Structure formats: C-alpha cells, structure tokens
Amino acid sequence: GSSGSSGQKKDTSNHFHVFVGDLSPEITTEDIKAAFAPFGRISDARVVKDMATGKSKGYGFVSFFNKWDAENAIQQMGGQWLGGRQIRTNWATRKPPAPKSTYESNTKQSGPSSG
C-alpha cells in the first residue's frame, strides 16, 4: 500500500496548532476534538486547566497534521457557538516579519597569495 505514516514523532513540530478560547466551563477535550473534527485530522488537543485548582482555564489548543485544516477552522470557527457559548480562534504561535531589505558590495577582498 501507499507509504507515509500518520505521525511517527511524539513531538508536535510538523503540525499546525490552533488557539481556542471563550469555551464554556463544561467543555472538555472531547468537545473540542468533536468541534474541530469536521475541519481536519487532529493529533494533539486539550483544555487548559488552572494549575492552582485544576479547573477549566477557559482556553484550549488543537493541532492538525495539515495547514489547510487549521486555516479553515481559525476562519470559520472564530465566531461559531460551542456548548451554547461563542468561542475565539487564532494561530497558537507566529513570528514577526523583517523590517526592510537592501543589497551591498562593501565586503570586498583581494588576497595576494598562492600555494
């Protein structure tokens, strides 16, 4: 059959992670997995919980194997209702762009030598 395994790396590096918030107080990890299921194949997914009481933090995270899945969800899901309340979605992590670019030739040399 056609090769290519689903995910042979325990680390979530080649995946597209998505931030999720505004979740209801009962919304579990399975609620999120169900909600984002029709948008793509999920691997990592959880409901953030407070480290002092162990109760719902309000936010969660999801991670899709392909970009197109995550992109679709961020746009569409960001305004939909889950558990009877709205939710908020965006990219879990990003990187800022560079300011500007130019070119130069200042780094000249000669090196009158042989061997």
# chains A, B, ... in the order shown; residues from 1 in each chain; ligands from 1

$ select_by_dssp --residues "chain A" --states "alpha helix (DSSP H)" --output "ChimeraX atom specification"
/A:29-36,67-77

$ write_last_selection --atoms "N, CA and C atoms" --output "PDB file, in the first residue's frame"
ATOM      1  N   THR A  29     -12.050  18.199  26.538  1.00  0.00           N
ATOM      2  CA  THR A  29     -11.124  17.990  25.432  1.00  0.00           C
ATOM      3  C   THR A  29     -11.834  17.271  24.272  1.00  0.00           C
ATOM      4  N   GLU A  30     -12.815  16.429  24.587  1.00  0.00           N
ATOM      5  CA  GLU A  30     -13.591  15.669  23.612  1.00  0.00           C
ATOM      6  C   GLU A  30     -14.554  16.603  22.873  1.00  0.00           C
ATOM      7  N   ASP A  31     -15.021  17.672  23.523  1.00  0.00           N
ATOM      8  CA  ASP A  31     -15.927  18.647  22.906  1.00  0.00           C
ATOM      9  C   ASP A  31     -15.154  19.345  21.799  1.00  0.00           C
ATOM     10  N   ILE A  32     -13.943  19.800  22.133  1.00  0.00           N
ATOM     11  CA  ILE A  32     -13.068  20.479  21.200  1.00  0.00           C
ATOM     12  C   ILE A  32     -12.737  19.513  20.056  1.00  0.00           C
ATOM     13  N   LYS A  33     -12.276  18.290  20.342  1.00  0.00           N
ATOM     14  CA  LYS A  33     -11.954  17.339  19.284  1.00  0.00           C
ATOM     15  C   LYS A  33     -13.122  17.099  18.350  1.00  0.00           C
ATOM     16  N   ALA A  34     -14.341  17.035  18.871  1.00  0.00           N
ATOM     17  CA  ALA A  34     -15.529  16.832  18.063  1.00  0.00           C
ATOM     18  C   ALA A  34     -15.778  18.054  17.182  1.00  0.00           C
ATOM     19  N   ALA A  35     -15.751  19.248  17.779  1.00  0.00           N
ATOM     20  CA  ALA A  35     -15.985  20.517  17.106  1.00  0.00           C
ATOM     21  C   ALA A  35     -15.037  20.772  15.938  1.00  0.00           C
ATOM     22  N   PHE A  36     -13.743  20.509  16.128  1.00  0.00           N
ATOM     23  CA  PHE A  36     -12.744  20.724  15.097  1.00  0.00           C
ATOM     24  C   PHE A  36     -12.561  19.503  14.182  1.00  0.00           C
ATOM     25  N   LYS A  67      -1.949  22.191   7.238  1.00  0.00           N
ATOM     26  CA  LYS A  67      -2.244  23.614   7.392  1.00  0.00           C
ATOM     27  C   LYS A  67      -3.670  23.999   7.040  1.00  0.00           C
ATOM     28  N   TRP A  68      -4.123  23.550   5.880  1.00  0.00           N
ATOM     29  CA  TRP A  68      -5.432  23.819   5.298  1.00  0.00           C
ATOM     30  C   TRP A  68      -6.584  23.546   6.255  1.00  0.00           C
ATOM     31  N   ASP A  69      -6.406  22.571   7.143  1.00  0.00           N
ATOM     32  CA  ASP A  69      -7.385  22.163   8.135  1.00  0.00           C
ATOM     33  C   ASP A  69      -7.509  23.278   9.178  1.00  0.00           C
ATOM     34  N   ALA A  70      -6.362  23.641   9.766  1.00  0.00           N
ATOM     35  CA  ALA A  70      -6.212  24.670  10.783  1.00  0.00           C
ATOM     36  C   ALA A  70      -6.701  26.019  10.266  1.00  0.00           C
ATOM     37  N   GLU A  71      -6.246  26.423   9.077  1.00  0.00           N
ATOM     38  CA  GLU A  71      -6.619  27.676   8.430  1.00  0.00           C
ATOM     39  C   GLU A  71      -8.140  27.752   8.313  1.00  0.00           C
ATOM     40  N   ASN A  72      -8.751  26.683   7.789  1.00  0.00           N
ATOM     41  CA  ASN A  72     -10.191  26.614   7.603  1.00  0.00           C
ATOM     42  C   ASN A  72     -10.932  26.874   8.913  1.00  0.00           C
ATOM     43  N   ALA A  73     -10.541  26.156   9.968  1.00  0.00           N
ATOM     44  CA  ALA A  73     -11.087  26.239  11.299  1.00  0.00           C
ATOM     45  C   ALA A  73     -10.924  27.634  11.887  1.00  0.00           C
ATOM     46  N   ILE A  74      -9.716  28.202  11.953  1.00  0.00           N
ATOM     47  CA  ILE A  74      -9.470  29.527  12.512  1.00  0.00           C
ATOM     48  C   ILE A  74     -10.480  30.541  11.980  1.00  0.00           C
ATOM     49  N   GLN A  75     -10.654  30.580  10.658  1.00  0.00           N
ATOM     50  CA  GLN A  75     -11.564  31.498   9.987  1.00  0.00           C
ATOM     51  C   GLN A  75     -13.029  31.226  10.340  1.00  0.00           C
ATOM     52  N   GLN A  76     -13.513  30.021  10.021  1.00  0.00           N
ATOM     53  CA  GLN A  76     -14.891  29.622  10.237  1.00  0.00           C
ATOM     54  C   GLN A  76     -15.278  29.535  11.708  1.00  0.00           C
ATOM     55  N   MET A  77     -14.580  28.709  12.496  1.00  0.00           N
ATOM     56  CA  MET A  77     -14.877  28.505  13.919  1.00  0.00           C
ATOM     57  C   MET A  77     -14.831  29.773  14.765  1.00  0.00           C
TER      58      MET A  77
END

$ residues_around --residues "residue A:94" --least-positions-apart "2" --cutoff "12 Å" --atoms "only C-alpha atoms" --output "PDB file with C-alpha atoms, in the first residue's frame"
ATOM      1  CA  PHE A  16      -0.359  23.324  12.653  1.00  0.00           C
ATOM      2  CA  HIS A  17      -1.504  24.282  16.152  1.00  0.00           C
ATOM      3  CA  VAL A  18      -4.541  26.498  16.829  1.00  0.00           C
ATOM      4  CA  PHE A  19      -5.525  28.543  19.897  1.00  0.00           C
ATOM      5  CA  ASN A  90      -6.332  32.154  16.007  1.00  0.00           C
ATOM      6  CA  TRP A  91      -2.783  30.853  15.441  1.00  0.00           C
ATOM      7  CA  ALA A  92      -1.300  29.471  18.683  1.00  0.00           C
ATOM      8  CA  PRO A  96       7.060  38.804  13.311  1.00  0.00           C
ATOM      9  CA  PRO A  97       8.205  39.875   9.786  1.00  0.00           C
TER      10      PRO A  97
END

$ atom_distance --atom1 "atom CA of residue A:24" --atom2 "atom CA of residue A:65"
26.0 Å

$ residues_around --residues "residue A:42" --least-positions-apart "2" --cutoff "7 Å" --atoms "only C-alpha atoms" --output "MDAnalysis selection string"
chainID A and resid 37 40 44 62:65

$ write_last_selection --atoms "C-alpha atoms" --output "mmCIF file, in the first residue's frame"
data_model
loop_
_atom_site.group_PDB
_atom_site.id
_atom_site.type_symbol
_atom_site.label_atom_id
_atom_site.label_comp_id
_atom_site.auth_asym_id
_atom_site.auth_seq_id
_atom_site.Cartn_x
_atom_site.Cartn_y
_atom_site.Cartn_z
ATOM 1 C CA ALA A 37 -13.104 17.149 13.661
ATOM 2 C CA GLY A 40 -9.431 18.253 9.913
ATOM 3 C CA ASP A 44 -2.796 16.943 19.907
ATOM 4 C CA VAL A 62 -5.731 21.864 18.899
ATOM 5 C CA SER A 63 -3.061 20.645 16.407
ATOM 6 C CA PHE A 64 -3.811 19.451 12.846
ATOM 7 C CA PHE A 65 -1.491 17.386 10.619
#

$ atom_distance --atom1 "atom CA of residue A:14" --atom2 "atom CA of residue A:51"
28.0 Å

$ atom_distance --atom1 "atom CA of residue A:43" --atom2 "atom CA of residue A:80"
22.0 Å

$ residues_around --residues "residue A:56" --least-positions-apart "2" --cutoff "9 Å" --atoms "only C-alpha atoms" --output "VMD selection string"
chain A and resid 23 to 28 47 to 50 53 to 54 58 to 59

$ write_last_selection --atoms "C-alpha atoms" --output "mmCIF file, in the first residue's frame"
data_model
loop_
_atom_site.group_PDB
_atom_site.id
_atom_site.type_symbol
_atom_site.label_atom_id
_atom_site.label_comp_id
_atom_site.auth_asym_id
_atom_site.auth_seq_id
_atom_site.Cartn_x
_atom_site.Cartn_y
_atom_site.Cartn_z
ATOM 1 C CA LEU A 23 -15.055 27.837 25.947
ATOM 2 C CA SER A 24 -17.899 27.020 28.344
ATOM 3 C CA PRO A 25 -16.983 25.743 31.877
ATOM 4 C CA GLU A 26 -18.101 22.152 30.997
ATOM 5 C CA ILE A 27 -16.435 21.998 27.522
ATOM 6 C CA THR A 28 -13.994 19.071 27.722
ATOM 7 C CA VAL A 47 -8.403 22.038 27.552
ATOM 8 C CA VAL A 48 -6.032 24.266 29.534
ATOM 9 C CA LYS A 49 -6.763 23.997 33.281
ATOM 10 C CA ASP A 50 -5.675 26.184 36.175
ATOM 11 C CA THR A 53 -7.310 24.354 41.349
ATOM 12 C CA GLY A 54 -7.238 22.058 38.272
ATOM 13 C CA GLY A 58 -11.282 28.940 29.572
ATOM 14 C CA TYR A 59 -8.841 28.273 26.683
#

$ decode --residues "stretch 29-51 of chain A" --atoms "N, CA and C atoms" --output "PDB file, in the first residue's frame"
ATOM      1  N   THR A  29     -12.050  18.199  26.538  1.00  0.00           N
ATOM      2  CA  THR A  29     -11.124  17.990  25.432  1.00  0.00           C
ATOM      3  C   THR A  29     -11.834  17.271  24.272  1.00  0.00           C
ATOM      4  N   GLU A  30     -12.815  16.429  24.587  1.00  0.00           N
ATOM      5  CA  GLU A  30     -13.591  15.669  23.612  1.00  0.00           C
ATOM      6  C   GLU A  30     -14.554  16.603  22.873  1.00  0.00           C
ATOM      7  N   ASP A  31     -15.021  17.672  23.523  1.00  0.00           N
ATOM      8  CA  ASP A  31     -15.927  18.647  22.906  1.00  0.00           C
ATOM      9  C   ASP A  31     -15.154  19.345  21.799  1.00  0.00           C
ATOM     10  N   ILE A  32     -13.943  19.800  22.133  1.00  0.00           N
ATOM     11  CA  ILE A  32     -13.068  20.479  21.200  1.00  0.00           C
ATOM     12  C   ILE A  32     -12.737  19.513  20.056  1.00  0.00           C
ATOM     13  N   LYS A  33     -12.276  18.290  20.342  1.00  0.00           N
ATOM     14  CA  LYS A  33     -11.954  17.339  19.284  1.00  0.00           C
ATOM     15  C   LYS A  33     -13.122  17.099  18.350  1.00  0.00           C
ATOM     16  N   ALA A  34     -14.341  17.035  18.871  1.00  0.00           N
ATOM     17  CA  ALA A  34     -15.529  16.832  18.063  1.00  0.00           C
ATOM     18  C   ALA A  34     -15.778  18.054  17.182  1.00  0.00           C
ATOM     19  N   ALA A  35     -15.751  19.248  17.779  1.00  0.00           N
ATOM     20  CA  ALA A  35     -15.985  20.517  17.106  1.00  0.00           C
ATOM     21  C   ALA A  35     -15.037  20.772  15.938  1.00  0.00           C
ATOM     22  N   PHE A  36     -13.743  20.509  16.128  1.00  0.00           N
ATOM     23  CA  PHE A  36     -12.744  20.724  15.097  1.00  0.00           C
ATOM     24  C   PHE A  36     -12.561  19.503  14.182  1.00  0.00           C
ATOM     25  N   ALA A  37     -13.201  18.363  14.476  1.00  0.00           N
ATOM     26  CA  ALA A  37     -13.104  17.149  13.661  1.00  0.00           C
ATOM     27  C   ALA A  37     -13.521  17.375  12.202  1.00  0.00           C
ATOM     28  N   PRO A  38     -14.679  17.999  11.894  1.00  0.00           N
ATOM     29  CA  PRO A  38     -15.088  18.207  10.510  1.00  0.00           C
ATOM     30  C   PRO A  38     -14.187  19.178   9.746  1.00  0.00           C
ATOM     31  N   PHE A  39     -13.225  19.816  10.421  1.00  0.00           N
ATOM     32  CA  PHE A  39     -12.299  20.753   9.810  1.00  0.00           C
ATOM     33  C   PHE A  39     -10.980  20.055   9.518  1.00  0.00           C
ATOM     34  N   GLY A  40     -10.668  18.938  10.179  1.00  0.00           N
ATOM     35  CA  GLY A  40      -9.431  18.253   9.913  1.00  0.00           C
ATOM     36  C   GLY A  40      -9.103  17.161  10.905  1.00  0.00           C
ATOM     37  N   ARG A  41      -8.015  16.471  10.593  1.00  0.00           N
ATOM     38  CA  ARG A  41      -7.475  15.384  11.382  1.00  0.00           C
ATOM     39  C   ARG A  41      -6.663  16.018  12.499  1.00  0.00           C
ATOM     40  N   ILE A  42      -7.034  15.715  13.733  1.00  0.00           N
ATOM     41  CA  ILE A  42      -6.394  16.230  14.932  1.00  0.00           C
ATOM     42  C   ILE A  42      -5.451  15.161  15.495  1.00  0.00           C
ATOM     43  N   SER A  43      -4.412  15.567  16.225  1.00  0.00           N
ATOM     44  CA  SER A  43      -3.465  14.660  16.870  1.00  0.00           C
ATOM     45  C   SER A  43      -3.355  15.131  18.327  1.00  0.00           C
ATOM     46  N   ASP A  44      -2.908  16.363  18.565  1.00  0.00           N
ATOM     47  CA  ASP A  44      -2.796  16.943  19.907  1.00  0.00           C
ATOM     48  C   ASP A  44      -3.992  17.864  20.128  1.00  0.00           C
ATOM     49  N   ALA A  45      -4.663  17.758  21.273  1.00  0.00           N
ATOM     50  CA  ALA A  45      -5.818  18.575  21.624  1.00  0.00           C
ATOM     51  C   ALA A  45      -6.041  18.507  23.126  1.00  0.00           C
ATOM     52  N   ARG A  46      -6.287  19.637  23.796  1.00  0.00           N
ATOM     53  CA  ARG A  46      -6.540  19.659  25.240  1.00  0.00           C
ATOM     54  C   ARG A  46      -7.191  20.956  25.690  1.00  0.00           C
ATOM     55  N   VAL A  47      -7.757  20.920  26.890  1.00  0.00           N
ATOM     56  CA  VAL A  47      -8.403  22.038  27.552  1.00  0.00           C
ATOM     57  C   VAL A  47      -7.408  22.470  28.622  1.00  0.00           C
ATOM     58  N   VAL A  48      -6.959  23.718  28.558  1.00  0.00           N
ATOM     59  CA  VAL A  48      -6.032  24.266  29.534  1.00  0.00           C
ATOM     60  C   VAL A  48      -6.808  24.307  30.852  1.00  0.00           C
ATOM     61  N   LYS A  49      -6.154  23.980  31.961  1.00  0.00           N
ATOM     62  CA  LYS A  49      -6.763  23.997  33.281  1.00  0.00           C
ATOM     63  C   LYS A  49      -5.805  24.707  34.216  1.00  0.00           C
ATOM     64  N   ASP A  50      -6.379  25.401  35.183  1.00  0.00           N
ATOM     65  CA  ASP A  50      -5.675  26.184  36.175  1.00  0.00           C
ATOM     66  C   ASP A  50      -4.755  25.292  36.991  1.00  0.00           C
ATOM     67  N   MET A  51      -3.488  25.657  37.156  1.00  0.00           N
ATOM     68  CA  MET A  51      -2.567  24.826  37.928  1.00  0.00           C
ATOM     69  C   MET A  51      -2.770  24.928  39.443  1.00  0.00           C
TER      70      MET A  51
END
